[PDB]
Every structure is written in C-alpha cells, then in structure tokens.
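Report on the structure given below.
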Amino acid sequence: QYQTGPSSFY
Amino acid sequence: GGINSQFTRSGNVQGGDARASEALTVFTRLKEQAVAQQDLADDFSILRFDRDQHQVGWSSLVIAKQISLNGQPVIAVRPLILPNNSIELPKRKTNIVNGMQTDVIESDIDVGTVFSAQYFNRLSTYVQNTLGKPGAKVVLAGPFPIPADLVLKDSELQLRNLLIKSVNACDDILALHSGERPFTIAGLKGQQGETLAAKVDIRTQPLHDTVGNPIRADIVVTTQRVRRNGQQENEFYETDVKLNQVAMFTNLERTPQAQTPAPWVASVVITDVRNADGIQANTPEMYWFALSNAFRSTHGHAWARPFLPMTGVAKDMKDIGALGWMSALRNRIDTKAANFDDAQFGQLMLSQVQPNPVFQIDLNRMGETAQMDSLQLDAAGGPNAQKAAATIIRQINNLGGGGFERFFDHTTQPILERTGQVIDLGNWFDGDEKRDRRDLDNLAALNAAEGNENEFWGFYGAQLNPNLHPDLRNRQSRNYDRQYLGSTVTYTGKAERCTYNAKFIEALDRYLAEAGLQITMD
Amino acid sequence: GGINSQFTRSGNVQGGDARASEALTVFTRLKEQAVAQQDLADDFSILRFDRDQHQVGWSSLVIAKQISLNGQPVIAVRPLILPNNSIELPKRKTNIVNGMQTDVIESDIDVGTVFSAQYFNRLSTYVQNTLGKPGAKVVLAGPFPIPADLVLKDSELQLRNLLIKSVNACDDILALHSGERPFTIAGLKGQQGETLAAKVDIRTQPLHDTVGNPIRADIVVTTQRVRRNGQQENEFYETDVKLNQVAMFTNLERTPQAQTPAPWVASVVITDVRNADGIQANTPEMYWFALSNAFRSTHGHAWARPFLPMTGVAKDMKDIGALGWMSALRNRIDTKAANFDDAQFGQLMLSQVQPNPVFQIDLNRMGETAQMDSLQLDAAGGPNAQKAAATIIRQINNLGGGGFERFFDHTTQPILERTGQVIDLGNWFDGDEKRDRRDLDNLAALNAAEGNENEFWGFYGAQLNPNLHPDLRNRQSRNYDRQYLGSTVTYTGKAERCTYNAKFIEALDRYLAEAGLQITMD
Amino acid sequence: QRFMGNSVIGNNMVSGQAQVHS
Amino acid sequence: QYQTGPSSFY
Amino acid sequence: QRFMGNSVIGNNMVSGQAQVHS
C-alpha cells in the first residue's frame with residue numbers, strides 16, 4: 001500500500 | 001444515455017448539482033462583505049470545479065492567489081471538497097477466502113481516496129487554463145473538505161472564518177516559497193524581564209473545529225507569556241498572552257503476557273495542535289515548538305488526572321473501576337464510595353499501570369494541518385523516506401540555532417513509526433449535545449461489556465489484528481460503534497495512528513532546553 | 001503581539017468586541033422610538049465605553065444627563081456593564097497550607113470586583129473629555145449589569161424599561177443633589193377620611209426583575225390606600241391604590257447546643273424592596289418607609305404560613321417533616337396524612353421552633369437599589385462608619401418630623417451587623433420554568449439528604465465556618481448546588497447577608513407609629 | 001475543629017410584637 | 001478586607 | 001490464531017522525566 005499524495009515541499 | 005436521445009420526450013429531469021452554485025454565491029457574498037469592511041484585499045479569486053464537465057468524483061471550490069517571483073508566475077490553491085448526500089459513489093469490492101467458500105465484501109469510499117494525484121492534476125490544469133497562464137507553477141496549500149449535513153443558510157460565521165483561514169494559508173505557503181526569515185526561539189527573549197509559563201488543564205467538553213466538528217480533548221497544555229512587573233497596571237485586563245495549545249487524551253493498551261510489571265500500559269494520543277487565535281501566521285518551525293509542549297505533561301503525572309473519579313456525577317462511560325474485571329479478583333473495584341479516595345488510588349495506579357506513558361499522534365491527511373501530517377506520514381515510511389527526514393531535521397535545525405546532531409542521528413534512527421491502524425472520524429449526537437466518535441475507547445468498551453471477556457477481546461482484535469484484512473476490521477469497528485454508542489453516528493473522514501520514537505522526543509526536549517528556553521510551572 | 005507585525009500575513013482575524021455595537025444601536029433605536037412617542041425628552045446622551053481602547057475588564061454603556069447648578073456643571077452617569085461569554089478573564093490564585101503540603105486555588109472573578117475605583121475614575125475622565133467639560137462634577141447613580149445569555153434581538157421591552165428606569169434614576173440623583181422637599185408621612189393624611197391598610201400574601205412563583213431575573217419571594221407585604229366612601233362609584237374599578245411592596249422568605253438556623261428552648265431558630269431574609277409601579281420617583285426617605293413594613297409580618301405569625309403543607313401536591317423540596325430527623329425520634333414526621341392538620345402543627349412549631357423570628361437583608365452592591373445597599377454596607381463596618389450612620393439618622397429624622405433620639409442612640413448602638421457570609425446569585429432552569437438559585441436552603445439540603453447527618457453538617461459548615469477560608473466555602477457551595485439542583489445553574493453576581501439590630505427595628509416602628517401613622521389589617 | 005452552629009444569632013432577638021391599629 | 005466603592009453621599 | 005495483545009508497544013518507552021525550570 002503506502003499511498004501518497006501531493007506535497008509542496010517536494 | 002442514448003435512450004433519452006432515442007425517444008426525446010419534452011421536459012428535463014435531474015442532471016445537475018445544486019450544492020455548488022449556492023455555495024459559490026454564498027462565498028462571493030461573504031468575500032464582498034469582507035472586502036467592504038476592510039478585512040481582506042482584492043487579490044485572490046474563487047472558482048468552481050464542477051464534477052459534471054470535469055468528470056470527477058466530487059465537486060470542489062478552489063481559492064487561488066497568484067504572485068510573481070523573478071518573472072515566473074506562481075499560483076497557490078486551497079481546494080475545498082464538497083461532498084453531497086444526494087448521490088452515491090460506487091463502492092469498492094474485495095474478495096477473501098475461507099476454506100472452500102469465497103465471498104465478496106462491499107467497502108465504502110471516503111473523501112481522502114477521492115483526492116488523488118489525477119484529481120490534483122486536472123484541478124491544476126483547469127486553474128492554469130482559467131487564469132490565462134498555461135505554464136505557471138502551481139503549489140498546493142492543503143485541502144479542507146466541508147462536511148455534509150451542514151446547512152449553508154445559517155452557517156455564515158464558520159464559512160467566513162474558513163475563507164479567512166484559507167487566505168492566510170495561501171499567504172503562508174507563498175511566503176514560504178518566496179523565502180523569509182525563519183522563526184527562532186532566540187527572538188523570544190523579549191529583553192524585558194519576562195518568562196514563559198505552561199499551564200495544564202483538564203476538560204470534559206469536546207473542543208470544536210472551525211466548522212463545528214467536535215474534537216475529543218481531555219488534557220490541554222498551553223504556553224503563555226507572563227509579564228507581571230512590580231506596579232503592573234491594567235488590572236483584570238490581559239493582552240493576548242498565549243502562544244500555543246495542544247489537546248491530548250490517554251488510552252490504555254494491554255501487553256500480551258500470560259497470567260511484577262503492570263498488566264496495562266498507558267498511551268497518550270495527540271489529537272490537535274494549533275497556535276493562538278490572535279496569531280495569524282502558520283510556519284513549519286512553530287509546529288515543532290508547539291509539539292514540544294506534549295512531553296511536558298509528564299512533569300507531575302498530569303496524564304493520570306482525568307482518570308480519578310469526579311464527585312457528584314458518574315457517566316459510567318470512563319469509569320476506571322472496570323480495569324479490575326481481569327485482575328486477580330474477578331469483580332470490579334467499586335468507586336463512588338466513602339472509603340475510596342486518593343490514598344489508594346495511587347496504590348492502584350502503581351500496582352496496575354506502568355509509570356511511563358506512550359506518545360502517539362492521529363495524523364490526518366485532510367485536516368487543517370494537512371501539509372505537516374502528510375510530511376510526517378511520508379517520513380514514517382515509503383518511497384520518500386530520506387527526503388522527509390532531511391527536511392524535518394533541517395526545520396528543527398532552523399528552529400533554535402543548530403547542532404541537532406549532538407542529540408539525534410536521523411541516519412540510523414527512525415523518527416516516526418506506523419502501527420498499521422486506521423481510525424474513523426465521526427460524530428454521534430449525545431442526549432445533551434453532539435459529541436465525538438473517538439469517545440469510545442478500550443475503557444469505554446470494557447465498561448459497556450461488564451463481564452464477558454470474549455466479546456471485549458473480539459473488539460480489541462478488531463482494531464490491531466495483523467492477520468485479519470483491514471476491510472473486515474473496519475466493518476467490525478463500524479458494527480461495534482452502532483452497538484454501543486447509538487444510531488446518530490455520522491462518519492466524516494479517516495485518520496492514521498503513529499508512534500513517535502522514544503529517543504526523538506527526549507532529544508528534541510533537551511535540544512530546546514539547552515537552546516536558551518526556560519519554562520516554569522507548578 | 002510583535003509576531004503578527006513581524007510576519008504580516010494578509011487578512012485580519014478576531015480582535016474585536018461584537019456585543020457592544022449592537023447594544024448601542026439597539027439603545028439608540030429605542031431612544032428614538034421613545035422620543036417619537038412623547039415618552040422622554042431629548043436631554044440625555046448614550047455613550048459606549050470600549051474595553052479595547054480603554055484597557056478595562058468589561059465594556060460598558062453609560063447614560064449621562066447633565067444640568068447646571070449655580071454655574072457649575074453637574075453630570076450624572078448610570079453605567080451598564082456588558083459581560084461577554086466569548087472571552088475569559090484571568091482567574092485569581094490563592095495559596096493555603098495543610099500540614100507539610102501547599103496547594104494553589106483557582107478562584108473566579110465576578111462583575112462586582114470589576115467595578116473598582118479605577119474603573120469609575122477612567123469612566124468619569126472619559127465622559128468629561130467626551131462631553132467637552134473637563135472640570136465638571138460627576139456623580140454616580142448606580143450601576144446595573146446586563147446579564148449574559150440574553151438575546152438582545154427579542155428583548156426590546158426589558159431594555160426599554162431599563163432605559164426609562166435609568167433616566168428616572170438620573171433625574172432622582174440630580175434632584176437630590178440640587179435639593180428638594182423631603183418626603184414626609186405628614187403629607188400622607190390626605191384630609192379626606194381614608195386609611196392605610198397592609199395586606200399580607202403568600203406566593204409560590206418567583207418574582208421577576210426588570211430584565212427577567214427571577215427572585216425568590218414567599219411572603220409579600222404591601223401597603224394600600226383604602227378610599228371606600230359611602231356611595232362609592234367606579235365599581236370593579238380601582239385607581240392605583242398601592243404604595244409599597246417587600247418580598248420576604250424565612251430560613252432556619254440551628255444554635256449549637258448539645259443534646260426547654262427550641263433547637264431551631266427562624267431567620268427571615270429580605271430580598272427585594274421596591275415601590276409601586278405607578279410611582280416614578282425614588283427617594284431615600286421612601287426606602288425606610290417601605291422597609292418598616294417588614295416588621296409588620298409578625299402581627300399574626302404570618303412568617304410561618306408558608307411552612308404549613310399544601311393539599312394535593314408535594315414538591316418534597318420545602319417539606320417541614322425533615323426537621324424531625326435530628327429530633328428525639330430519629331425518623332421524620334410524616335405529613336400528607338389524614339390525621340395531620342393544624343391541630344398539632346402549632347404544637348410542633350411551639351416545641352421545635354423559637355416563637356420570635358430574626359430579620360436579615362441580602363445587600364447587593366450591583367442591584368437596582370445599589371445606592372442604598374452600598375450605604376448600608378458602609379454603615380455596617382469600615383473606614384466610613386460614622387458618616388453613614390449620621391446620614392441614615394438624618395434621613396430618618398427628615399422622614400416624619402424629628403426627635404428620633406428618644407427611641408434610638410446611634411452613638412453607642414450599632415445599626416447593621418455583618419455576619420461574614422457571601423451569597424451567590426444565579427438561576428437554575430427547573431423542568432417547568434426558570435427558577436432562583438436561592439431556593440436551596442437549610443431545609444432543602446436537609447430534605448435532599450435524608451438521614452446522613454455528616455453530609456448535611458459539612459454543607460452547613462461550608463456556609464458560615466469562620467476558620468475555613470472563604471474561597472473554599474465558595475467552592476463547596478458551588479459543588480453542593482451542582483450536586484442537588486441540576487446542571488442548569490448559571491451564576492450572575494454576588495451578595496452579602498447582614499443582620500439588623502434588634503432594638504433598631506422596634507425603635508423605628510415605634511417612631512413611625514407615634515408620628516401619626518395608622519395602619520389597620522386583620 | 002468542626003463546626004457546630006451559630007453562637008451569635010441568638011443575641012439579636014425581637015422582644016415585642018408588631019403594633020397595629022387593626 | 002472591607003472593600004468599598006464609590007458613594008454619591010460622600 | 002487469536003489475538004492476544006500488542007507485543008511491539010513496549011519497545012518505545014520514555015525513560016526520563018520532563019525537565020522544567022520551575
């Protein structure tokens with residue numbers, strides 16, 4: 001799994 | 001589909017979304033009113049993201065503010081999801097096998113799964129096309145859904161506060177991207193002979209979000225500036241002497257030992273971290289400074305204060321006497337008695353509770369502090385594990401000088417750990433007022449089920465069984481809440497629980513203490 | 001503070017008080033409407049006292065009317081405090097020691113402590129600067145706070161009555177300062193063959209203040225003018241024949257005698273003193289004339305009338321049978337029985353209640369009659385003890401001729417005595433309607449706690465223990481009210497209890513009787 | 001020390017009866 | 001203690 | 001296989017006490 005999302009840092 | 005175009009009966013039915021246009025009109029009126037009263041500046045735009053002509057799960061409202069940096073346009077967006085109760089999204093099917101029989105499980109879809117990478121890509125492309133800048137850079141500022149079952153006709157204050165906070169967040173992210181002076185504790189000395197004091201508090205009514213969402217909070221730790229000089233003037237008048245606020249509540253976990261160490265261990269869960277109301281700025285270096293106050297709750301075992309019985313009333317939901325059900329004696333210890341007092345309450349806590357607590361956080365990718373919760377979730381584990389840890393270390397170094405390496409070594413030491421637990425977010429209407437769904441914990445379940453240990457053990461396994469599939473655990477947790485709490489439960493989102501490293505908290509506290517920070521209290 | 005000026009994010013949040021501007025607008029509209037209907041005269045002004053730009057605990061509304069006396073301007077002010085529930089004032093900390101351990105007590109701040117000398121000085125300076133007269137003399141007319149949890153949108157009648165009463169009070173104080181004819185009973189003869197009659201009354205529903213605040217009242221004594229001539233015309237029509245009204249209720253106190261004198265003594269508490277609705281004038285000499293009616297309640301032991309059981313219903317809160325719990329027989333005397341009647345009710349009262357009552361008053365520095373309550377509190381004891389007594393004697397001499405020295409000697413006889421008791425003022429919402437917090441008395445506590453004498457004794461000591469600190473007594477009293485009454489208690493102010501001199505009441509009554517006053521009744 | 005009652009309320013007691021014309 | 005307040009009489 | 005408890009929560013435990021100036 002380990003779904004991710006948008007990040008402003010990178 | 002083609003059937004309507006094949007027969008073409010006069011008149012039109014359905015085929016529209018009516019919870020977007022009204023919200024847009026309300027937001028435009030609120031923005032005009034705020035601009036009239038010299039509260040904001042006419043430099044941002046409000047746009048509608050219709051699901052019908054973009055083919056997305058949920059319509060959204062986006063607040064875009066753009067500036068120019070070295071000739072390169074930069075756009076900051078704060079989408080606001082608008083879930084609707086009049087339409088049903090298709091569910092997700094999963095299959096599990098038991099012996100010789102296979103069955104299908106119908107799950108449910110939350111707001112968090114809707115906001116995927118493709119959703120943000122389409123939103124960014126739409127904003128770029130609308131604003132006339134095709135190649136402009138777009139940076140996210142943190143989504144915040146508007147909960148359903150909320151009447152927009154009589155909720156003007158919450159919407160106004162949400163709009164102002166969204167503008168503040170856009171300004172914050174734009175300033176961070178541009179590059180400004182980092183916030184450091186070296187500038188907090190004030191050079192006026194004042195000191196910082198931390199006050200602990202025990203509460204019984206839940207805290208409220210900016211949109212009226214209740215939040216469970218039993219222990220509240222705040223930090224204030226004490227400026228009491230000799231002949232202090234302004235008696236009974238105080239000038240906003242308050243900086244931070246952290247809401248905490250404790251929960252009990254049982255280690256698997258068969259039957260000198262205490263059977264139960266107390267784990268403290270951090271729900272909300274926020275700054276003072278007066279402060280309109282939110283920067284990454286304030287978050288760690290506010291979070292450092294959590295460790296201070298162990299100065300005098302203040303985490304155990306809510307556990308002691310109150311005199312006069314007994315809700316019987318947070319009773320501590322149920323802990324004796326599995327003790328050496330089968331029955332429960334009877335509080336609310338003339339003989340019972342603090343004399344043997346300490347004895348009970350020594351003989352059945354571990355002296356040291358455990359610190360945990362309920363990270364939420366859709367909350368107000370989404371931009372930090374997502375970063376910490378990435379730092380916990382995933383493809384972006386080194387970058388997040390490096391960013392966190394850099395921020396901590398920027399807050400308070402430098403030289404954090406002497407206390408921590410991120411190269412060979414995990415910062416955050418994922419326990420593989422998913423927590424539902426909802427609210428249930430109690431007889432008196434609306435409350436929080438997280439009021440149901442291990443102690444509450446133990447109180448509800450007096451002597452049947454097997455049912456309680458099934459409930460406990462429904463939370464953290466690694467063998468059982470997560471969908472079944474969510475189903476069991478949703479059934480148990482209905483069984484115990486009531487029929488008024490209304491889920492609103494999802495959250496994840498994580499455990500901080502034991503050495504990390506101590507290293508952070510020691511680094512801040514050595515960096516010239518002095519806090520005094522009882 | 002400086003953090004906001006250091007980062008300067010666009011947009012503004014909080015930083016304002018919204019329960020002052022709306023009240024000012026409402027008061028201006030009400031004043032305009034009253035002036036339009038030829039109810040008042042355009043000679044007074046309404047001003048706002050903002051806490052933000054004056055640095056005070058609470059914002060206030062002031063009604064100033066100014067006149068000229070011998071070329072010297074005189075300004076009369078009636079401030080109205082505006083407490084708000086959206087902000088919390090800092091609490092007051094106190095330390096007490098028990099053996100080898102010291103602890104900190106967090107008290108609470110009332111409205112009365114806010115209105116200090118510095119507050120009035122700043123208010124007077126602000127009014128003088130605003131009205132253009134720097135050296136004008138300013139005289140107080142009596143503060144009156146507006147209770148919180150009151151919706152101003154639908155309370156127009158109470159605000160209108162409060163404004164008219166405030167204007168009347170300003171006129172009264174201005175006329176008193178200017179100097180007018182004192183009110184004397186010699187002008188009450190009427191020279192038309194009429195007589196004054198006093199009517200006693202027993203009530204069960206609480207009286208109401210000008211702002212809807214309930215007041216406990218069991219015995220009501222009124223004075224009327226009876227003008228029944230021979231062929232009296234106007235059948236069924238009455239012309240405002242009513243002058244005074246005094247609200248009284250009795251309470252039982254137990255003398256400390258170990259176990260022929262009765263164990264319990266009855267003490268009568270005077271709550272409210274007021275004139276007729278038709279009379280728009282309030283002068284100091286009417287207050288004593290109205291207060292003289294209190295002693296007349298003992299003509300036929302009318303103070304014991306509310307104690308007798310009512311037929312048909314039994315609230316079980318004011319039951320007199322609980323008095324037998326500590327009697328020679330442990331159990332309680334069972335009323336509501338066929339055999340029980342007035343035949344042995346008199347026997348019980350003779351054998352367990354002292355024949356003579358005790359008179360007490362609940363002085364309040366923030367009530368409607370603040371200007372007299374403060375004077376009596378000063379006369380009770382303090383730096384201004386001789387001046388207040390001399391003023392009271394002068395007023396009593398002015399009311400009814402003179403020669404009060406033959407009945408009283410203020411030089412070597414105290415007028416009022418302070419018992420060192422502080423009474424909270426609040427209201428609790430009963431199931432049917434809102435009631436008064438003072439309904440809970442010694443008999444109510446005795447009824448609530450059937451046989452446990454120790455708990456009742458602890459409650460009784462929580463009121464008048466001289467050894468225990470006052471803050472602890474207030475804490476215990478606030479806990480007991482929550483324990484017994486309910487969760488709807490809402491405190492509004494503070495009051496003090498005082499005991500009149502036994503000889504003073506008799507001397508006043510005899511002086512009025514000898515001064516040509518004749519009152520007849522049953 | 002435990003509270004036992006009010007030892008000063010008994011000093012102030014009305015001796016007479018209300019005088020009315022009737 | 002014996003806290004006091006403004007008085008119009010004096 | 002039946003669940004018995006959390007065997008990994010005990011690895012992370014605060015050893016010290018909060019350090020305050022007081």
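Residues are named by chain letter and number: chains run A, B, ... in the order of the structure tokens, numbers start at 1 in each chain, and ligands are numbered from 1 in the order shown.
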
Can you pull out the residues contacting residue 9 of chain D? Cut-off 8 Å, using only C-alpha atoms, and skip same-chain residues under 3 positions away; I want them as a PyMOL selection string. (chain C and resi 255) or (chain D and resi 6+12)

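Atom pair atom CA of residue 491 of chain B / atom CA of residue 146 of chain B: separated by 13.0 Å.
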
Give me the residues near segment 7-9 of chain A as an MDAnalysis selection string, where near means some atom within 8 Å (using only C-alpha atoms) and where sequence neighbours in that chain fewer than 4 positions away do not count. chainID B and resid 139:141 371 374:375

Using DSSP secondary structure from the backbone, list all alpha helix (DSSP H) positions within segment 109-298 of chain C, as a ChimeraX atom specification. /C:111-114,117-130,156-178,284-291

Please provide the set of residues having any atom within 9 Å of residue 380 of chain B, restricted to only C-alpha atoms, with same-chain residues fewer than 3 positions apart removed, written as a PDB file with N, CA, C and O atoms, in the first residue's frame.
```pdb
ATOM      1  N   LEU B 375       3.553  15.229   5.450  1.00  0.00           N
ATOM      2  CA  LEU B 375       5.007  15.139   5.527  1.00  0.00           C
ATOM      3  C   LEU B 375       5.436  14.099   6.555  1.00  0.00           C
ATOM      4  O   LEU B 375       6.353  13.307   6.305  1.00  0.00           O
ATOM      5  N   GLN B 376       4.775  14.075   7.714  1.00  0.00           N
ATOM      6  CA  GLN B 376       5.128  13.096   8.738  1.00  0.00           C
ATOM      7  C   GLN B 376       4.749  11.682   8.309  1.00  0.00           C
ATOM      8  O   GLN B 376       5.464  10.720   8.617  1.00  0.00           O
ATOM      9  N   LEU B 377       3.631  11.533   7.594  1.00  0.00           N
ATOM     10  CA  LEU B 377       3.260  10.225   7.063  1.00  0.00           C
ATOM     11  C   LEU B 377       4.287   9.728   6.055  1.00  0.00           C
ATOM     12  O   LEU B 377       4.637   8.542   6.045  1.00  0.00           O
ATOM     13  N   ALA B 385      11.253   8.614   2.012  1.00  0.00           N
ATOM     14  CA  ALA B 385      11.612   8.465   3.418  1.00  0.00           C
ATOM     15  C   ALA B 385      12.828   9.289   3.818  1.00  0.00           C
ATOM     16  O   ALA B 385      12.845   9.867   4.908  1.00  0.00           O
ATOM     17  N   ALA B 388      11.978  13.392   3.455  1.00  0.00           N
ATOM     18  CA  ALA B 388      11.143  13.923   4.528  1.00  0.00           C
ATOM     19  C   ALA B 388      11.926  14.051   5.828  1.00  0.00           C
ATOM     20  O   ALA B 388      11.805  15.058   6.537  1.00  0.00           O
ATOM     21  N   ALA B 389      12.733  13.040   6.159  1.00  0.00           N
ATOM     22  CA  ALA B 389      13.548  13.109   7.366  1.00  0.00           C
ATOM     23  C   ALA B 389      14.560  14.245   7.279  1.00  0.00           C
ATOM     24  O   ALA B 389      14.776  14.969   8.258  1.00  0.00           O
ATOM     25  N   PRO B 414      14.999   5.836  13.296  1.00  0.00           N
ATOM     26  CA  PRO B 414      13.688   6.244  12.777  1.00  0.00           C
ATOM     27  C   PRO B 414      13.091   7.371  13.606  1.00  0.00           C
ATOM     28  O   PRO B 414      13.281   7.448  14.822  1.00  0.00           O
ATOM     29  N   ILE B 415      12.357   8.252  12.930  1.00  0.00           N
ATOM     30  CA  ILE B 415      11.702   9.373  13.594  1.00  0.00           C
ATOM     31  C   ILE B 415      10.292   8.963  13.991  1.00  0.00           C
ATOM     32  O   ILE B 415       9.925   9.014  15.171  1.00  0.00           O
ATOM     33  N   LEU B 416       9.491   8.555  13.011  1.00  0.00           N
ATOM     34  CA  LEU B 416       8.108   8.166  13.232  1.00  0.00           C
ATOM     35  C   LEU B 416       7.901   6.728  12.777  1.00  0.00           C
ATOM     36  O   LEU B 416       8.522   6.268  11.814  1.00  0.00           O
ATOM     37  N   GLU B 417       7.022   6.017  13.479  1.00  0.00           N
ATOM     38  CA  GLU B 417       6.719   4.625  13.181  1.00  0.00           C
ATOM     39  C   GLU B 417       5.225   4.459  12.949  1.00  0.00           C
ATOM     40  O   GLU B 417       4.405   5.058  13.650  1.00  0.00           O
ATOM     41  N   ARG B 418       4.880   3.636  11.963  1.00  0.00           N
ATOM     42  CA  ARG B 418       3.495   3.382  11.589  1.00  0.00           C
ATOM     43  C   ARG B 418       3.027   2.077  12.217  1.00  0.00           C
ATOM     44  O   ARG B 418       3.655   1.030  12.026  1.00  0.00           O
ATOM     45  N   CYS B 498       0.146   6.855  14.569  1.00  0.00           N
ATOM     46  CA  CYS B 498       1.575   6.596  14.507  1.00  0.00           C
ATOM     47  C   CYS B 498       2.200   6.820  15.875  1.00  0.00           C
ATOM     48  O   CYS B 498       1.679   7.575  16.699  1.00  0.00           O
TER      49      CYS B 498
END
```

Starting from chain F, keep only residues with some atom at most 6 Å from an atom of chain B, counting only C-alpha atoms, and report them as a PyMOL selection string. chain F and resi 3-6+12-14+18+21-22

Write the residues of the selection above to a file with C-alpha atoms, as a JSON list (two decimals), in the first residue's frame.
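The resulting file, out_35.json, is shown below:
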```json
[["chain", "number", "residue", "atom", "x", "y", "z"],
["F", 3, "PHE", "CA", -5.19, -12.01, 19.05],
["F", 4, "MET", "CA", -3.55, -11.65, 22.47],
["F", 5, "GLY", "CA", -2.19, -8.09, 22.63],
["F", 6, "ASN", "CA", 0.36, -5.61, 21.31],
["F", 12, "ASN", "CA", 9.23, 2.59, 22.76],
["F", 13, "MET", "CA", 9.15, 3.90, 26.32],
["F", 14, "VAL", "CA", 10.18, 7.27, 27.74],
["F", 18, "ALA", "CA", 10.10, 16.21, 31.83],
["F", 21, "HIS", "CA", 12.86, 25.18, 35.32],
["F", 22, "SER", "CA", 10.02, 25.52, 37.87]]
```

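The coordinates place atom CA of residue 112 of chain B at 15.6 Å from atom CA of residue 474 of chain B.
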
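Take atom CA of residue 292 of chain C and atom CA of residue 400 of chain C: the distance between them is 12.8 Å.
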
If you run DSSP on the backbone, which residues of segment 133-321 of chain C are strand (DSSP E), as a VMD selection string? chain C and resid 137 to 140 195 to 202 207 to 208 214 to 215 219 to 226 244 to 254 264 to 275

Have a look at C:335, C:251, C:195, C:95 and name the one nearest to residue 228 of chain C; count only C-alpha atoms. C:195

Please identify all polymer residues within 10 Å of residue 3 of chain A, counting only C-alpha atoms, omitting same-chain residues fewer than 4 positions from it, and present them as a ChimeraX atom specification. /B:113,116,377-378,382-383

Take the residues from that selection and write them out as a PDB file, in the first residue's frame, keeping N, CA and C atoms.
```pdb
ATOM      1  N   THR B 113      -9.642   9.232  -0.359  1.00  0.00           N
ATOM      2  CA  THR B 113      -9.331   8.483  -1.573  1.00  0.00           C
ATOM      3  C   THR B 113      -9.743   9.221  -2.839  1.00  0.00           C
ATOM      4  N   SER B 116      -6.910  12.261  -5.292  1.00  0.00           N
ATOM      5  CA  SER B 116      -5.733  11.541  -5.745  1.00  0.00           C
ATOM      6  C   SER B 116      -4.842  12.457  -6.586  1.00  0.00           C
ATOM      7  N   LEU B 377       3.631  11.533   7.594  1.00  0.00           N
ATOM      8  CA  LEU B 377       3.260  10.225   7.063  1.00  0.00           C
ATOM      9  C   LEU B 377       4.287   9.728   6.055  1.00  0.00           C
ATOM     10  N   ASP B 378       4.776  10.622   5.193  1.00  0.00           N
ATOM     11  CA  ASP B 378       5.834  10.249   4.260  1.00  0.00           C
ATOM     12  C   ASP B 378       7.120   9.890   4.993  1.00  0.00           C
ATOM     13  N   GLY B 382       7.934   4.878   3.195  1.00  0.00           N
ATOM     14  CA  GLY B 382       7.520   4.948   1.815  1.00  0.00           C
ATOM     15  C   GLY B 382       8.679   5.265   0.892  1.00  0.00           C
ATOM     16  N   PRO B 383       8.379   5.514  -0.386  1.00  0.00           N
ATOM     17  CA  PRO B 383       9.450   5.904  -1.319  1.00  0.00           C
ATOM     18  C   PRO B 383      10.158   7.185  -0.912  1.00  0.00           C
TER      19      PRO B 383
END
```

Write out as a VMD selection string each polymer residue whose atoms come within 9 Å of residue 481 of chain B, counting only C-alpha atoms; drop sequence neighbours fewer than 5 positions from it. chain B and resid 437 440 476 486 to 487 489

Let's have the selection written as a PDB file, in the first residue's frame, with N, CA, C and O atoms.
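Resulting contents of part26.pdb:
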```
ATOM      1  N   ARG B 437     -16.857  10.799  18.020  1.00  0.00           N
ATOM      2  CA  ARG B 437     -16.927   9.347  17.920  1.00  0.00           C
ATOM      3  C   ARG B 437     -15.768   8.669  18.639  1.00  0.00           C
ATOM      4  O   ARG B 437     -15.899   7.513  19.056  1.00  0.00           O
ATOM      5  N   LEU B 440     -15.370   6.481  22.329  1.00  0.00           N
ATOM      6  CA  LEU B 440     -15.377   5.040  22.549  1.00  0.00           C
ATOM      7  C   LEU B 440     -13.954   4.510  22.433  1.00  0.00           C
ATOM      8  O   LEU B 440     -13.377   4.485  21.342  1.00  0.00           O
ATOM      9  N   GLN B 476     -16.103  -4.470  11.446  1.00  0.00           N
ATOM     10  CA  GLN B 476     -16.329  -4.767  12.858  1.00  0.00           C
ATOM     11  C   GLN B 476     -16.341  -3.499  13.702  1.00  0.00           C
ATOM     12  O   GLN B 476     -17.156  -3.368  14.623  1.00  0.00           O
ATOM     13  N   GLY B 486     -24.798   4.523  19.587  1.00  0.00           N
ATOM     14  CA  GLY B 486     -26.162   4.864  19.241  1.00  0.00           C
ATOM     15  C   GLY B 486     -26.357   4.857  17.737  1.00  0.00           C
ATOM     16  O   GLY B 486     -25.491   4.423  16.978  1.00  0.00           O
ATOM     17  N   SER B 487     -27.524   5.353  17.330  1.00  0.00           N
ATOM     18  CA  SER B 487     -27.899   5.406  15.925  1.00  0.00           C
ATOM     19  C   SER B 487     -27.610   6.749  15.269  1.00  0.00           C
ATOM     20  O   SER B 487     -27.972   6.941  14.105  1.00  0.00           O
ATOM     21  N   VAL B 489     -24.519   8.085  14.790  1.00  0.00           N
ATOM     22  CA  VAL B 489     -23.143   8.198  14.319  1.00  0.00           C
ATOM     23  C   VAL B 489     -23.125   8.643  12.863  1.00  0.00           C
ATOM     24  O   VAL B 489     -23.895   8.145  12.032  1.00  0.00           O
TER      25      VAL B 489
END
```

Contact check, chain B to chain C, at most 7 Å, counting only C-alpha atoms, closest pairs as JSON lines:
```
{"residue": "B:39", "atom": "CA", "partner": "C:12", "partner_atom": "CA", "distance": 5.7}
{"residue": "B:40", "atom": "CA", "partner": "C:11", "partner_atom": "CA", "distance": 4.8}
{"residue": "B:164", "atom": "CA", "partner": "C:11", "partner_atom": "CA", "distance": 6.6}
{"residue": "B:168", "atom": "CA", "partner": "C:9", "partner_atom": "CA", "distance": 6.4}
{"residue": "B:171", "atom": "CA", "partner": "C:9", "partner_atom": "CA", "distance": 6.2}
{"residue": "B:234", "atom": "CA", "partner": "C:55", "partner_atom": "CA", "distance": 6.4}
{"residue": "B:236", "atom": "CA", "partner": "C:57", "partner_atom": "CA", "distance": 5.4}
{"residue": "B:237", "atom": "CA", "partner": "C:57", "partner_atom": "CA", "distance": 5.1}
{"residue": "B:278", "atom": "CA", "partner": "C:14", "partner_atom": "CA", "distance": 6.8}
{"residue": "B:279", "atom": "CA", "partner": "C:4", "partner_atom": "CA", "distance": 6.2}
{"residue": "B:280", "atom": "CA", "partner": "C:4", "partner_atom": "CA", "distance": 6.6}
{"residue": "B:281", "atom": "CA", "partner": "C:9", "partner_atom": "CA", "distance": 6.4}
{"residue": "B:312", "atom": "CA", "partner": "C:483", "partner_atom": "CA", "distance": 5.5}
```

Contacts of residue 115 of chain C at 12 Å or less, counting only C-alpha atoms, minus same-chain residues fewer than 4 places along, as a PyMOL selection string? (chain B and resi 235-236) or (chain C and resi 56-60+79-83+109-111+119-123+142-145+365-366) or (chain E and resi 3-6)
